[PDB]
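Text of the file model-v9.cif, holding mmCIF, C-alpha atoms:
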```
data_work
loop_
_atom_site.group_PDB
_atom_site.id
_atom_site.type_symbol
_atom_site.label_atom_id
_atom_site.label_comp_id
_atom_site.auth_asym_id
_atom_site.auth_seq_id
_atom_site.Cartn_x
_atom_site.Cartn_y
_atom_site.Cartn_z
ATOM 1 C CA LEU A 1 41.554 112.792 18.067
ATOM 2 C CA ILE A 2 39.258 109.735 18.402
ATOM 3 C CA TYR A 3 40.182 107.058 15.858
ATOM 4 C CA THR A 4 37.824 104.364 14.562
ATOM 5 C CA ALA A 5 39.379 101.497 12.631
ATOM 6 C CA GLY A 6 37.643 98.783 10.668
ATOM 7 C CA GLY A 7 34.106 97.728 11.425
ATOM 8 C CA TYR A 8 31.238 96.048 9.730
ATOM 9 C CA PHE A 9 28.352 97.036 7.459
ATOM 10 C CA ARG A 10 27.276 94.306 4.981
ATOM 11 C CA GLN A 11 30.964 93.247 4.966
ATOM 12 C CA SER A 12 34.183 94.076 6.785
ATOM 13 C CA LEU A 13 35.529 97.617 6.332
ATOM 14 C CA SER A 14 39.086 99.027 6.151
ATOM 15 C CA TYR A 15 38.099 102.619 7.057
ATOM 16 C CA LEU A 16 40.359 104.543 9.423
ATOM 17 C CA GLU A 17 38.693 107.791 10.481
ATOM 18 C CA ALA A 18 39.522 110.276 13.225
ATOM 19 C CA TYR A 19 36.982 112.462 14.970
ATOM 20 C CA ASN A 20 37.651 115.912 16.354
ATOM 21 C CA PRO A 21 35.246 116.748 19.211
ATOM 22 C CA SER A 22 35.749 120.508 18.742
ATOM 23 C CA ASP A 23 35.962 120.713 14.965
ATOM 24 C CA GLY A 24 33.117 118.350 14.212
ATOM 25 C CA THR A 25 35.227 116.880 11.402
ATOM 26 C CA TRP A 26 35.984 113.308 10.443
ATOM 27 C CA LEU A 27 39.387 112.725 8.844
ATOM 28 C CA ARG A 28 39.783 109.959 6.300
ATOM 29 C CA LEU A 29 43.190 108.358 6.804
ATOM 30 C CA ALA A 30 45.077 105.341 5.489
ATOM 31 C CA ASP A 31 42.849 102.305 5.034
ATOM 32 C CA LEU A 32 43.643 99.159 6.953
ATOM 33 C CA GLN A 33 45.789 96.810 4.897
ATOM 34 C CA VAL A 34 43.009 94.183 5.238
ATOM 35 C CA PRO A 35 39.299 94.850 5.928
ATOM 36 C CA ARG A 36 38.453 93.686 9.445
ATOM 37 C CA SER A 37 35.499 93.712 11.824
ATOM 38 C CA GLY A 38 35.312 92.638 15.430
ATOM 39 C CA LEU A 39 38.767 94.025 16.146
ATOM 40 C CA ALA A 40 40.097 96.109 19.022
ATOM 41 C CA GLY A 41 42.166 99.273 19.022
ATOM 42 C CA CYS A 42 44.671 100.619 21.522
ATOM 43 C CA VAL A 43 47.452 103.217 21.710
ATOM 44 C CA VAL A 44 50.972 102.488 22.949
ATOM 45 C CA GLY A 45 53.732 105.073 22.565
ATOM 46 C CA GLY A 46 51.477 107.259 20.435
ATOM 47 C CA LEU A 47 50.987 104.507 17.843
ATOM 48 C CA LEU A 48 47.516 103.186 17.066
ATOM 49 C CA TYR A 49 47.374 99.380 17.222
ATOM 50 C CA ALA A 50 44.618 97.386 15.488
ATOM 51 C CA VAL A 51 44.258 93.876 16.944
ATOM 52 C CA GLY A 52 42.484 90.714 15.790
ATOM 53 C CA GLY A 53 39.025 90.793 14.263
ATOM 54 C CA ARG A 54 37.788 89.016 11.153
ATOM 55 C CA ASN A 55 37.850 89.615 7.374
ATOM 56 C CA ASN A 56 34.253 89.160 6.094
ATOM 57 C CA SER A 57 34.872 89.564 2.436
ATOM 58 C CA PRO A 58 32.314 88.610 -0.262
ATOM 59 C CA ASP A 59 34.971 86.094 -1.311
ATOM 60 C CA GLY A 60 35.736 84.486 2.045
ATOM 61 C CA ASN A 61 35.585 84.821 5.808
ATOM 62 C CA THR A 62 38.704 84.417 7.942
ATOM 63 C CA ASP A 63 39.294 85.227 11.569
ATOM 64 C CA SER A 64 42.471 87.254 12.010
ATOM 65 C CA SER A 65 45.425 86.971 14.342
ATOM 66 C CA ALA A 66 47.026 90.060 12.831
ATOM 67 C CA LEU A 67 48.515 92.997 14.720
ATOM 68 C CA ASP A 68 48.966 96.222 12.727
ATOM 69 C CA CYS A 69 50.147 99.634 13.856
ATOM 70 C CA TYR A 70 49.296 103.041 12.460
ATOM 71 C CA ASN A 71 51.553 106.114 12.825
ATOM 72 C CA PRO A 72 49.783 109.504 12.791
ATOM 73 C CA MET A 73 53.031 111.239 11.847
ATOM 74 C CA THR A 74 53.533 109.140 8.718
ATOM 75 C CA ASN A 75 49.823 108.374 8.137
ATOM 76 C CA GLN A 76 50.947 104.850 7.356
ATOM 77 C CA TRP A 77 50.134 101.322 8.527
ATOM 78 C CA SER A 78 52.840 98.809 9.279
ATOM 79 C CA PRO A 79 52.344 95.145 10.202
ATOM 80 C CA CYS A 80 53.445 93.690 13.500
ATOM 81 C CA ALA A 81 54.069 90.131 14.573
ATOM 82 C CA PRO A 82 50.727 88.273 14.792
ATOM 83 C CA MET A 83 49.123 86.651 17.794
ATOM 84 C CA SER A 84 49.260 82.900 18.262
ATOM 85 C CA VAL A 85 45.636 82.349 17.175
ATOM 86 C CA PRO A 86 42.974 84.313 15.304
ATOM 87 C CA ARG A 87 40.765 86.281 17.698
ATOM 88 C CA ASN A 88 37.469 87.601 16.349
ATOM 89 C CA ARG A 89 35.456 89.787 18.737
ATOM 90 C CA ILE A 90 38.551 90.328 20.875
ATOM 91 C CA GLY A 91 39.184 92.502 23.901
ATOM 92 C CA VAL A 92 42.455 94.324 24.528
ATOM 93 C CA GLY A 93 43.980 96.318 27.352
ATOM 94 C CA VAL A 94 47.312 98.048 27.865
ATOM 95 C CA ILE A 95 49.466 97.462 30.963
ATOM 96 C CA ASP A 96 52.893 99.129 31.322
ATOM 97 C CA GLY A 97 53.203 99.573 27.576
ATOM 98 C CA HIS A 98 52.252 95.941 26.847
ATOM 99 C CA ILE A 99 49.172 94.866 24.834
ATOM 100 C CA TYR A 100 46.961 92.147 26.298
ATOM 101 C CA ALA A 101 44.808 90.292 23.780
ATOM 102 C CA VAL A 102 41.890 88.613 25.533
ATOM 103 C CA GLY A 103 39.418 85.964 24.415
ATOM 104 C CA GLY A 104 37.704 86.206 21.053
ATOM 105 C CA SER A 105 36.847 83.364 18.711
ATOM 106 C CA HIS A 106 38.498 81.353 15.988
ATOM 107 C CA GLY A 107 35.788 79.616 14.005
ATOM 108 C CA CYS A 108 33.998 77.473 16.548
ATOM 109 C CA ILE A 109 36.790 77.740 19.151
ATOM 110 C CA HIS A 110 35.911 80.221 21.920
ATOM 111 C CA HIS A 111 39.085 81.393 23.557
ATOM 112 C CA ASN A 112 39.914 81.612 27.172
ATOM 113 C CA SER A 113 43.560 82.140 26.196
ATOM 114 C CA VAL A 114 45.234 85.498 26.634
ATOM 115 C CA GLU A 115 48.528 86.722 25.225
ATOM 116 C CA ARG A 116 50.771 89.690 25.910
ATOM 117 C CA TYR A 117 52.572 91.708 23.221
ATOM 118 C CA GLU A 118 55.819 93.581 23.842
ATOM 119 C CA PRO A 119 56.260 96.482 21.375
ATOM 120 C CA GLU A 120 59.985 96.875 22.047
ATOM 121 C CA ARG A 121 60.677 93.301 20.835
ATOM 122 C CA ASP A 122 57.637 92.892 18.518
ATOM 123 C CA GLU A 123 56.893 89.656 20.397
ATOM 124 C CA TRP A 124 53.821 87.830 21.683
ATOM 125 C CA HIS A 125 53.886 85.583 24.743
ATOM 126 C CA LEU A 126 51.003 83.551 26.162
ATOM 127 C CA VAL A 127 49.874 84.282 29.658
ATOM 128 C CA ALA A 128 47.546 82.584 32.059
ATOM 129 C CA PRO A 129 44.216 81.770 30.534
ATOM 130 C CA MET A 130 40.992 83.233 31.736
ATOM 131 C CA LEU A 131 38.573 81.361 33.917
ATOM 132 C CA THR A 132 35.933 81.642 31.243
ATOM 133 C CA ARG A 133 35.894 81.359 27.498
ATOM 134 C CA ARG A 134 34.858 84.786 26.405
ATOM 135 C CA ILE A 135 34.199 86.124 22.945
ATOM 136 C CA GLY A 136 32.698 89.572 22.660
ATOM 137 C CA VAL A 137 34.417 90.460 25.856
ATOM 138 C CA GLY A 138 34.991 93.942 27.203
ATOM 139 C CA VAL A 139 38.411 94.659 28.605
ATOM 140 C CA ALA A 140 39.675 97.330 30.941
ATOM 141 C CA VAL A 141 42.694 98.239 32.923
ATOM 142 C CA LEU A 142 42.356 99.828 36.312
ATOM 143 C CA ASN A 143 45.352 100.502 38.507
ATOM 144 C CA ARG A 144 47.501 98.175 36.434
ATOM 145 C CA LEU A 145 45.138 95.254 36.702
ATOM 146 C CA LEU A 146 43.351 93.758 33.745
ATOM 147 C CA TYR A 147 39.628 93.171 33.784
ATOM 148 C CA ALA A 148 37.671 90.976 31.395
ATOM 149 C CA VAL A 149 33.921 91.671 31.477
ATOM 150 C CA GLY A 150 30.893 89.931 30.052
ATOM 151 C CA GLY A 151 30.990 88.033 26.802
ATOM 152 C CA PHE A 152 29.677 84.881 25.197
ATOM 153 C CA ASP A 153 31.098 81.447 25.798
ATOM 154 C CA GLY A 154 29.564 79.760 22.867
ATOM 155 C CA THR A 155 26.508 78.671 24.740
ATOM 156 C CA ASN A 156 25.764 81.326 27.249
ATOM 157 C CA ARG A 157 26.056 85.021 27.360
ATOM 158 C CA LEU A 158 27.844 86.299 30.410
ATOM 159 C CA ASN A 159 27.522 88.797 33.165
ATOM 160 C CA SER A 160 30.616 87.750 35.058
ATOM 161 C CA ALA A 161 33.921 89.516 35.195
ATOM 162 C CA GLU A 162 37.394 88.420 36.172
ATOM 163 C CA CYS A 163 40.624 90.173 37.012
ATOM 164 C CA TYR A 164 44.146 89.387 35.914
ATOM 165 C CA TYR A 165 47.239 90.091 38.004
ATOM 166 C CA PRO A 166 50.210 90.468 35.638
ATOM 167 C CA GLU A 167 52.925 89.700 38.131
ATOM 168 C CA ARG A 168 50.938 87.054 39.878
ATOM 169 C CA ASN A 169 49.937 85.662 36.480
ATOM 170 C CA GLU A 170 46.482 84.496 37.381
ATOM 171 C CA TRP A 171 42.851 85.437 37.116
ATOM 172 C CA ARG A 172 40.332 85.762 39.900
ATOM 173 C CA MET A 173 36.599 86.268 39.615
ATOM 174 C CA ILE A 174 35.035 89.509 40.748
ATOM 175 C CA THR A 175 31.493 90.769 41.373
ATOM 176 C CA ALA A 176 29.328 90.095 38.324
ATOM 177 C CA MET A 177 27.532 92.857 36.480
ATOM 178 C CA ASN A 178 23.872 93.508 37.113
ATOM 179 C CA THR A 179 23.271 92.698 33.404
ATOM 180 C CA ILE A 180 24.445 89.920 31.079
ATOM 181 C CA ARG A 181 26.351 91.640 28.270
ATOM 182 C CA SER A 182 28.168 90.343 25.252
ATOM 183 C CA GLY A 183 29.689 92.849 22.848
ATOM 184 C CA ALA A 184 29.395 95.732 25.252
ATOM 185 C CA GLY A 185 31.727 98.711 25.373
ATOM 186 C CA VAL A 186 34.007 98.662 28.384
ATOM 187 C CA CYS A 187 36.373 101.460 29.403
ATOM 188 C CA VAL A 188 37.840 103.167 32.465
ATOM 189 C CA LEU A 189 36.731 106.681 33.403
ATOM 190 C CA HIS A 190 38.343 108.241 36.458
ATOM 191 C CA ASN A 191 38.539 105.188 38.734
ATOM 192 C CA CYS A 192 35.440 103.307 37.628
ATOM 193 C CA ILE A 193 35.074 100.595 34.991
ATOM 194 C CA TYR A 194 32.204 101.397 32.634
ATOM 195 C CA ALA A 195 30.167 98.728 30.824
ATOM 196 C CA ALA A 196 27.811 100.207 28.225
ATOM 197 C CA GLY A 197 25.325 98.575 25.926
ATOM 198 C CA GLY A 198 25.759 95.056 24.647
ATOM 199 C CA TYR A 199 23.564 92.075 23.856
ATOM 200 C CA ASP A 200 21.955 89.807 26.466
ATOM 201 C CA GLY A 201 20.793 87.058 24.093
ATOM 202 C CA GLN A 202 17.436 88.757 23.598
ATOM 203 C CA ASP A 203 17.833 92.541 23.403
ATOM 204 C CA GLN A 204 20.420 95.056 22.477
ATOM 205 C CA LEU A 205 20.912 97.194 25.578
ATOM 206 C CA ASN A 206 21.144 100.908 26.339
ATOM 207 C CA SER A 207 21.893 100.401 30.043
ATOM 208 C CA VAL A 208 25.292 101.448 31.449
ATOM 209 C CA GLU A 209 26.835 100.259 34.729
ATOM 210 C CA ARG A 210 30.159 101.112 36.363
ATOM 211 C CA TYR A 211 32.271 99.066 38.758
ATOM 212 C CA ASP A 212 33.850 100.641 41.830
ATOM 213 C CA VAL A 213 36.898 98.800 43.143
ATOM 214 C CA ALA A 214 36.659 100.393 46.602
ATOM 215 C CA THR A 215 33.221 98.840 47.182
ATOM 216 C CA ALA A 216 33.694 95.990 44.665
ATOM 217 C CA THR A 217 30.253 96.879 43.192
ATOM 218 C CA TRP A 218 28.572 97.478 39.859
ATOM 219 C CA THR A 219 26.216 100.472 40.055
ATOM 220 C CA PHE A 220 23.928 101.600 37.221
ATOM 221 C CA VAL A 221 24.313 105.024 35.639
ATOM 222 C CA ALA A 222 22.442 107.035 33.015
ATOM 223 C CA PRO A 223 21.573 104.856 29.982
ATOM 224 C CA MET A 224 22.420 105.729 26.410
ATOM 225 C CA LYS A 225 19.912 107.186 24.023
ATOM 226 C CA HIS A 226 20.244 104.209 21.656
ATOM 227 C CA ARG A 227 20.506 100.505 22.415
ATOM 228 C CA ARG A 228 23.457 99.068 20.579
ATOM 229 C CA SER A 229 25.774 96.134 20.727
ATOM 230 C CA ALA A 230 29.218 95.605 19.149
ATOM 231 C CA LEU A 231 29.786 99.325 19.699
ATOM 232 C CA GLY A 232 33.107 101.126 19.859
ATOM 233 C CA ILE A 233 34.046 102.965 23.038
ATOM 234 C CA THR A 234 36.801 105.258 24.248
ATOM 235 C CA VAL A 235 37.482 108.042 26.708
ATOM 236 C CA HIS A 236 38.486 111.526 25.641
ATOM 237 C CA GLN A 237 39.034 114.516 27.956
ATOM 238 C CA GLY A 238 37.128 113.009 30.878
ATOM 239 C CA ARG A 239 34.114 111.929 28.828
ATOM 240 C CA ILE A 240 33.057 108.620 27.289
ATOM 241 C CA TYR A 241 32.349 108.207 23.584
ATOM 242 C CA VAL A 242 30.419 105.304 22.066
ATOM 243 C CA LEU A 243 30.460 104.865 18.321
ATOM 244 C CA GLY A 244 28.194 102.865 16.133
ATOM 245 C CA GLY A 245 26.977 99.421 17.007
ATOM 246 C CA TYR A 246 24.037 97.276 15.987
ATOM 247 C CA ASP A 247 20.531 97.645 17.464
ATOM 248 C CA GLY A 248 18.950 94.519 15.989
ATOM 249 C CA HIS A 249 17.802 96.304 12.785
ATOM 250 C CA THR A 250 20.417 98.834 11.677
ATOM 251 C CA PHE A 251 24.129 99.497 11.878
ATOM 252 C CA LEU A 252 24.164 102.767 13.762
ATOM 253 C CA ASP A 253 26.310 105.799 12.981
ATOM 254 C CA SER A 254 25.192 107.619 16.121
ATOM 255 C CA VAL A 255 28.029 108.770 18.395
ATOM 256 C CA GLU A 256 27.076 109.397 22.033
ATOM 257 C CA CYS A 257 29.144 111.169 24.693
ATOM 258 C CA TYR A 258 28.706 110.633 28.447
ATOM 259 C CA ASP A 259 29.525 113.433 30.861
ATOM 260 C CA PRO A 260 30.188 111.881 34.285
ATOM 261 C CA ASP A 261 29.815 115.221 36.064
ATOM 262 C CA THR A 262 26.194 115.419 34.975
ATOM 263 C CA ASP A 263 25.475 111.715 34.387
ATOM 264 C CA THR A 264 24.045 112.441 30.952
ATOM 265 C CA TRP A 265 24.458 111.193 27.414
ATOM 266 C CA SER A 266 24.431 113.363 24.298
ATOM 267 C CA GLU A 267 24.556 112.747 20.565
ATOM 268 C CA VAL A 268 27.583 114.722 19.355
ATOM 269 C CA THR A 269 28.154 113.455 15.798
ATOM 270 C CA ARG A 270 27.375 110.756 13.248
ATOM 271 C CA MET A 271 30.001 108.619 11.590
ATOM 272 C CA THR A 272 30.296 108.880 7.808
ATOM 273 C CA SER A 273 28.501 105.492 7.538
ATOM 274 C CA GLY A 274 26.887 103.192 10.099
ATOM 275 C CA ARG A 275 28.993 100.246 11.200
ATOM 276 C CA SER A 276 29.589 97.924 14.096
ATOM 277 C CA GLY A 277 32.493 95.980 15.519
ATOM 278 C CA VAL A 278 35.094 98.770 15.262
ATOM 279 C CA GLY A 279 38.330 99.327 17.063
ATOM 280 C CA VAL A 280 38.505 102.687 18.781
ATOM 281 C CA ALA A 281 41.328 104.559 20.488
ATOM 282 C CA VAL A 282 42.597 108.089 21.127
ATOM 283 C CA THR A 283 45.985 109.416 20.134
ATOM 284 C CA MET A 284 47.597 112.508 18.672
ATOM 285 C CA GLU A 285 45.962 113.860 15.595
ATOM 286 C CA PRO A 286 47.839 112.996 12.361
ATOM 287 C CA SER A 287 50.002 115.501 10.492
ATOM 288 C CA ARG A 288 48.788 117.961 7.814
#
```

Could you write out this file's structure as structure tokens?
Amino acid sequence: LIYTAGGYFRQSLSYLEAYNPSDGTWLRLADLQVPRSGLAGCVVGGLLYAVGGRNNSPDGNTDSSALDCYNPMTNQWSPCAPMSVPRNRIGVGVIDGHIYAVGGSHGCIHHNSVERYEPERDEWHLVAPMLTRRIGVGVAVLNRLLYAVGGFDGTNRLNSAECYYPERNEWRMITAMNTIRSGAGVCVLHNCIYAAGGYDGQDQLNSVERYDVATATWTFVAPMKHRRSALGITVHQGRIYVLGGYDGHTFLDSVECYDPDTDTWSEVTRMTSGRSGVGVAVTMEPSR
């Protein structure tokens, strides 16, 4: 199952919905404890983690440092220890069962900080900061290395990408993308880092480009059918899924799937309601 948590459409949502690519169905599950947009989702030990984001309530607007975990066996949410700072429009990646929270904003502060979460101790430790302040950053893990791609620094939208070495504890710059992208969807498929969509300060983008480590190069692939930024992205059974996003006029509910063997995109499903800024991950389906 593909899970989408949170999101945004006129305000921040607490929806938690799971998609079945063979059923067609969307499952409504336990709402997030607090409505949140601009968050990230990941899966460690089967549990679905929802990280950071912001609560845009009609009453107030607060960036979040919260970490919350969802259990598909219990269909229940449980809070974890929070990060050191609120991180809206965050990126996250998993390395050896540890959650890396990357960038994001807190009010006017644009983070370059990065922190690591250890699920076995429910603890958060700060690691080496990034070379760039990046909110709306895409994050991926390839061969146990953490990559931070694109983003916005508060003044400029970025096309650069950097790599973090966990044991070396430092970041080093890599080849920049062909396109400046903030709020793109970044994932790993096979051994290539995919950057899809995003916003370049002027247009929402449908272009997709993938980074090959062996040649240290970003090459363009088949573009999506719909430009979108602040989209959700995940990989399921060797195919990429992008969910939602914002195209400058509407909050999309389109869900596109990319088949790498044919370099093509297809529209498989719509979400129950358009939204952007979701967390998205894949884990076992819940329990009847």

Could you state which residues are captured by the PyMOL selection byres ((chain A and resi 245) around 6) in this file, as a list in words? residues 228, 229, 230, 231, 244, 246, 251, 252 and 276 of chain A

So which residues touch residue 227 (chain A) within 12 Å, counting all atoms listed in the file, skipping near sequence neighbours fewer than 6 positions away, as a ChimeraX atom specification? /A:183-185,196-200,203-208,242-252,254-256

Could those residues be written to a file, using C-alpha atoms, as an mmCIF file, in the frame of the given file?
```
data_model
loop_
_atom_site.group_PDB
_atom_site.id
_atom_site.type_symbol
_atom_site.label_atom_id
_atom_site.label_comp_id
_atom_site.auth_asym_id
_atom_site.auth_seq_id
_atom_site.Cartn_x
_atom_site.Cartn_y
_atom_site.Cartn_z
ATOM 1 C CA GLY A 183 29.689 92.849 22.848
ATOM 2 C CA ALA A 184 29.395 95.732 25.252
ATOM 3 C CA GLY A 185 31.727 98.711 25.373
ATOM 4 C CA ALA A 196 27.811 100.207 28.225
ATOM 5 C CA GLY A 197 25.325 98.575 25.926
ATOM 6 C CA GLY A 198 25.759 95.056 24.647
ATOM 7 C CA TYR A 199 23.564 92.075 23.856
ATOM 8 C CA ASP A 200 21.955 89.807 26.466
ATOM 9 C CA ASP A 203 17.833 92.541 23.403
ATOM 10 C CA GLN A 204 20.420 95.056 22.477
ATOM 11 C CA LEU A 205 20.912 97.194 25.578
ATOM 12 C CA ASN A 206 21.144 100.908 26.339
ATOM 13 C CA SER A 207 21.893 100.401 30.043
ATOM 14 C CA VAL A 208 25.292 101.448 31.449
ATOM 15 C CA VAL A 242 30.419 105.304 22.066
ATOM 16 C CA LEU A 243 30.460 104.865 18.321
ATOM 17 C CA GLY A 244 28.194 102.865 16.133
ATOM 18 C CA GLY A 245 26.977 99.421 17.007
ATOM 19 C CA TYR A 246 24.037 97.276 15.987
ATOM 20 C CA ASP A 247 20.531 97.645 17.464
ATOM 21 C CA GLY A 248 18.950 94.519 15.989
ATOM 22 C CA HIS A 249 17.802 96.304 12.785
ATOM 23 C CA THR A 250 20.417 98.834 11.677
ATOM 24 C CA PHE A 251 24.129 99.497 11.878
ATOM 25 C CA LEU A 252 24.164 102.767 13.762
ATOM 26 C CA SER A 254 25.192 107.619 16.121
ATOM 27 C CA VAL A 255 28.029 108.770 18.395
ATOM 28 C CA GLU A 256 27.076 109.397 22.033
#
```

Pairwise distance for CA of residue 17 (chain A) and CA of residue 5 (chain A), rounded to one decimal in Å: 6.7 Å

Run the PyMOL selection byres ((chain A and resi 261) around 12) mentally over the shown coordinates, then write out the matched residues as a ChimeraX atom specification, using the chain letters and numbers from the document. /A:189-190,221-222,238-240,258-260,262-265

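Separating CA of residue 168 (chain A) from CA of residue 50 (chain A) is a distance of 27.2 Å.
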
Any idea what's packed within 6 Å of residue 148 (chain A), counting all atoms listed in the file, ignoring anything in its chain fewer than 2 positions away? Could you give it as number ranges by chain? A: 138-139, 161-162

Evaluate the PyMOL selection byres ((chain A and resi 82) around 9) and report residues as a list in words: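 When the PyMOL selection byres ((chain A and resi 82) around 9) is applied to the shown file, the picked residues are residues 51, 52, 64, 65, 66, 67, 68, 79, 80, 81, 83, 84, 85, 86, 123 and 124 of chain A.
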
Which one is closest to residue 284 (chain A): A:134, A:236, A:107, A:55? Count all atoms listed in the file. A:236

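The gap separating CA of residue 218 (chain A) from CA of residue 7 (chain A) is 29.0 Å, in Å to one decimal.
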
Considering all atoms listed in the file, can you say which of A:152, A:3, A:26, A:211 comes closest to residue 187 (chain A)? A:211

N, CA and C atoms for region 87-108 of chain A, written as a PDB file, keeping the file's coordinate frame, could you do that?
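Just written: selection09.pdb:
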```
ATOM      1  N   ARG A  87      41.614  85.866  16.579  1.00  0.00           N
ATOM      2  CA  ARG A  87      40.765  86.281  17.698  1.00  0.00           C
ATOM      3  C   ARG A  87      39.740  87.261  17.140  1.00  0.00           C
ATOM      4  N   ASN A  88      38.571  86.750  16.776  1.00  0.00           N
ATOM      5  CA  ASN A  88      37.469  87.601  16.349  1.00  0.00           C
ATOM      6  C   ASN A  88      36.632  87.990  17.563  1.00  0.00           C
ATOM      7  N   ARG A  89      36.175  89.239  17.593  1.00  0.00           N
ATOM      8  CA  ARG A  89      35.456  89.787  18.737  1.00  0.00           C
ATOM      9  C   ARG A  89      36.329  89.710  19.994  1.00  0.00           C
ATOM     10  N   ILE A  90      37.476  90.381  19.901  1.00  0.00           N
ATOM     11  CA  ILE A  90      38.551  90.328  20.875  1.00  0.00           C
ATOM     12  C   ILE A  90      38.378  91.483  21.846  1.00  0.00           C
ATOM     13  N   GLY A  91      39.012  91.373  23.006  1.00  0.00           N
ATOM     14  CA  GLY A  91      39.184  92.502  23.901  1.00  0.00           C
ATOM     15  C   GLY A  91      40.672  92.728  24.106  1.00  0.00           C
ATOM     16  N   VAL A  92      41.055  93.998  24.281  1.00  0.00           N
ATOM     17  CA  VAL A  92      42.455  94.324  24.528  1.00  0.00           C
ATOM     18  C   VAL A  92      42.570  95.377  25.622  1.00  0.00           C
ATOM     19  N   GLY A  93      43.662  95.301  26.363  1.00  0.00           N
ATOM     20  CA  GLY A  93      43.980  96.318  27.352  1.00  0.00           C
ATOM     21  C   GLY A  93      45.477  96.513  27.397  1.00  0.00           C
ATOM     22  N   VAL A  94      45.892  97.705  27.810  1.00  0.00           N
ATOM     23  CA  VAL A  94      47.312  98.048  27.865  1.00  0.00           C
ATOM     24  C   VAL A  94      47.761  98.125  29.320  1.00  0.00           C
ATOM     25  N   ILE A  95      48.865  97.444  29.633  1.00  0.00           N
ATOM     26  CA  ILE A  95      49.466  97.462  30.963  1.00  0.00           C
ATOM     27  C   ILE A  95      50.973  97.686  30.850  1.00  0.00           C
ATOM     28  N   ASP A  96      51.460  98.809  31.379  1.00  0.00           N
ATOM     29  CA  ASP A  96      52.893  99.129  31.322  1.00  0.00           C
ATOM     30  C   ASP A  96      53.454  99.058  29.904  1.00  0.00           C
ATOM     31  N   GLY A  97      52.732  99.615  28.947  1.00  0.00           N
ATOM     32  CA  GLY A  97      53.203  99.573  27.576  1.00  0.00           C
ATOM     33  C   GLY A  97      53.110  98.231  26.881  1.00  0.00           C
ATOM     34  N   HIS A  98      52.431  97.246  27.466  1.00  0.00           N
ATOM     35  CA  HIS A  98      52.252  95.941  26.847  1.00  0.00           C
ATOM     36  C   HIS A  98      50.779  95.737  26.486  1.00  0.00           C
ATOM     37  N   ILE A  99      50.529  95.072  25.349  1.00  0.00           N
ATOM     38  CA  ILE A  99      49.172  94.866  24.834  1.00  0.00           C
ATOM     39  C   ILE A  99      48.709  93.476  25.253  1.00  0.00           C
ATOM     40  N   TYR A 100      47.536  93.409  25.864  1.00  0.00           N
ATOM     41  CA  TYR A 100      46.961  92.147  26.298  1.00  0.00           C
ATOM     42  C   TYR A 100      45.775  91.847  25.400  1.00  0.00           C
ATOM     43  N   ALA A 101      45.876  90.750  24.659  1.00  0.00           N
ATOM     44  CA  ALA A 101      44.808  90.292  23.780  1.00  0.00           C
ATOM     45  C   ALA A 101      44.027  89.212  24.510  1.00  0.00           C
ATOM     46  N   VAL A 102      42.706  89.391  24.609  1.00  0.00           N
ATOM     47  CA  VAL A 102      41.890  88.613  25.533  1.00  0.00           C
ATOM     48  C   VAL A 102      40.732  87.974  24.778  1.00  0.00           C
ATOM     49  N   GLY A 103      40.630  86.649  24.859  1.00  0.00           N
ATOM     50  CA  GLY A 103      39.418  85.964  24.415  1.00  0.00           C
ATOM     51  C   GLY A 103      39.241  85.967  22.906  1.00  0.00           C
ATOM     52  N   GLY A 104      38.012  86.230  22.464  1.00  0.00           N
ATOM     53  CA  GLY A 104      37.704  86.206  21.053  1.00  0.00           C
ATOM     54  C   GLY A 104      37.536  84.784  20.547  1.00  0.00           C
ATOM     55  N   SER A 105      37.117  84.667  19.296  1.00  0.00           N
ATOM     56  CA  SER A 105      36.847  83.364  18.711  1.00  0.00           C
ATOM     57  C   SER A 105      37.736  83.078  17.508  1.00  0.00           C
ATOM     58  N   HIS A 106      37.867  81.798  17.215  1.00  0.00           N
ATOM     59  CA  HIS A 106      38.498  81.353  15.988  1.00  0.00           C
ATOM     60  C   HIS A 106      37.618  80.240  15.439  1.00  0.00           C
ATOM     61  N   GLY A 107      36.767  80.581  14.479  1.00  0.00           N
ATOM     62  CA  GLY A 107      35.788  79.616  14.005  1.00  0.00           C
ATOM     63  C   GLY A 107      34.857  79.227  15.141  1.00  0.00           C
ATOM     64  N   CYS A 108      34.808  77.937  15.440  1.00  0.00           N
ATOM     65  CA  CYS A 108      33.998  77.473  16.548  1.00  0.00           C
ATOM     66  C   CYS A 108      34.730  77.509  17.884  1.00  0.00           C
TER      67      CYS A 108
END
```
